[PDB]
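Let me begin by presenting the structure, written as structure tokens, before commenting on it.
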Amino acid sequence: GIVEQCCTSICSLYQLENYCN
Amino acid sequence: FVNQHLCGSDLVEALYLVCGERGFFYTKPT
């Protein structure tokens with residue numbers, strides 16, 4: 001669910017960092 | 001960079017920078 005949370009809404013780097021390894 | 005919209009590449013790109021060596025796995029729902 002990030003393709004929309006970032007493409008449909010906005011995502012903070014912190015939340016975007018939860019997608020790294 | 002304060003709140004923005006990302007998509008695929010830009011997503012794998014922002015993740016690229018924030019993750020960088022952390023290795024990021026951009027997923028995509030079909």
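Identifiers for the structure tokens are assigned positionally: chains receive A, B, ... in sequence, residues are indexed from 1 per chain, and ligands are indexed from 1 in the order shown.
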Practice prompt. Find the residues in chain B near chain A: any atom within 7 Å counts, using only C-alpha atoms. Write them as a PyMOL selection string.
Written response: chain B and resi 3-8+15+18-19+22-25+28
Keeping only N, CA and C atoms, take the residues you just selected and write them out as a compact mmCIF listing (two decimals), in the first residue's frame.
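As a result, result_24.txt now contains:
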```
# COMPACT_ATOMS: atom_id res chain seq x y z
N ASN B 3 6.79 16.62 2.82
CA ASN B 3 5.48 16.10 2.35
C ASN B 3 5.39 16.22 0.83
N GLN B 4 5.40 15.11 0.15
CA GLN B 4 5.34 15.15 -1.33
C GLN B 4 4.74 13.84 -1.87
N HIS B 5 4.41 13.81 -3.13
CA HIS B 5 3.83 12.57 -3.73
C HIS B 5 4.92 11.78 -4.45
N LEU B 6 5.00 10.50 -4.22
CA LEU B 6 6.02 9.67 -4.91
C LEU B 6 5.31 8.57 -5.71
N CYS B 7 5.94 8.05 -6.73
CA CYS B 7 5.28 6.99 -7.54
C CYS B 7 6.33 6.10 -8.21
N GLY B 8 6.20 4.81 -8.05
CA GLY B 8 7.17 3.85 -8.68
C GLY B 8 8.59 4.42 -8.65
N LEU B 15 12.96 6.26 -1.96
CA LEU B 15 13.40 5.11 -1.15
C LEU B 15 14.89 4.92 -1.42
N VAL B 18 16.63 7.60 0.78
CA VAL B 18 16.40 7.31 2.23
C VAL B 18 16.88 5.90 2.56
N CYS B 19 16.72 4.98 1.66
CA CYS B 19 17.18 3.59 1.91
C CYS B 19 18.62 3.46 1.44
N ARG B 22 20.49 0.75 2.48
CA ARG B 22 19.51 -0.06 3.26
C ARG B 22 18.76 -0.99 2.31
N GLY B 23 18.92 -0.81 1.02
CA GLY B 23 18.21 -1.69 0.05
C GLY B 23 16.70 -1.55 0.24
N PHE B 24 16.01 -1.06 -0.75
CA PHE B 24 14.53 -0.90 -0.61
C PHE B 24 13.82 -1.83 -1.60
N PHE B 25 12.65 -2.29 -1.26
CA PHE B 25 11.91 -3.19 -2.17
C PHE B 25 10.58 -2.56 -2.57
N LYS B 28 4.41 -3.43 -5.92
CA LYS B 28 3.36 -2.86 -6.80
C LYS B 28 2.18 -3.83 -6.90
```
Item to complete: Give the alpha helix (DSSP H) residues of chain B, as assigned by DSSP on the backbone, as a VMD selection string.
Response: chain B and resid 8 to 19
